[PDB]
Amino acid sequence: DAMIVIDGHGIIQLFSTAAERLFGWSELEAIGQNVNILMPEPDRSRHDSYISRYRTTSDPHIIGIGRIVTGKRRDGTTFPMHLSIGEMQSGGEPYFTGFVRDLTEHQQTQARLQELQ
Ligand code: HEM
């Protein structure tokens, strides 16, 4: 599926081919950016504090739990996606990985089934 690796500051370090397809950003364009470019407001402006709160309390809200959220593509379109966050260490500093599963089709079929009674 789509995978993203960021450093302890939310800056994208690695961006898989499938993440490019899904988000609309090539790997080169993404790598120097904050991960928040992939999400809409209010999460966007709050993501850095989500990361900071975790590094300070060590209390996970998504790590080891998973969560369905709304992500944002480059063209502006938003979409539902499941997210799993993993924690890793490299060169003494923390890095996090995000495995993403696009749930757009699921949301569509569900919504479609409901509108037909
Ligand atoms: C792109 C759509 C994304 C959205 C909407 C999103 C949203 C959120 C939200 C809502 C929180 C926790 C807020 C709370 O419950 O306290 C959070 C935590 C965090 N996110 Fe994301 N996130 C996104 C993607 C990512 C990705 C791709 C990564 C890593 C590659 C990531 C790294 C983190 C980390 C490290 C935390 C804190 C972990 C924790 O609280 O357990 N996020 N994110």
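For the range 1-22, which residues satisfy the criterion of being within 8 Å of the ligand (Cβ to nearest atom) and either in contact with an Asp or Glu (Cβ under 7 Å, 6 or more places away or on another chain) or in a helix (DSSP H, G or I) (or both)?
Within the range 1-22, just 10 meets the criteria.
Being more than 8 Å from the ligand (Cβ to nearest atom) and either surrounded by 13 or more Cβ atoms within 10 Å (Cβ to Cβ) or of a type in the set (S, T, N, Q) (or both) is the filter here; which residues of the range 56-84 pass it?
The answer is 56, 57, 58, 73, 74, 77, 78, 79, 80, 82, 84.
Quick note: the coordinates plus some simple rules give every number you see, no bench work behind them. Cβ sites come from the backbone with ideal geometry, for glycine too, and all protein chains shown count toward neighbours.
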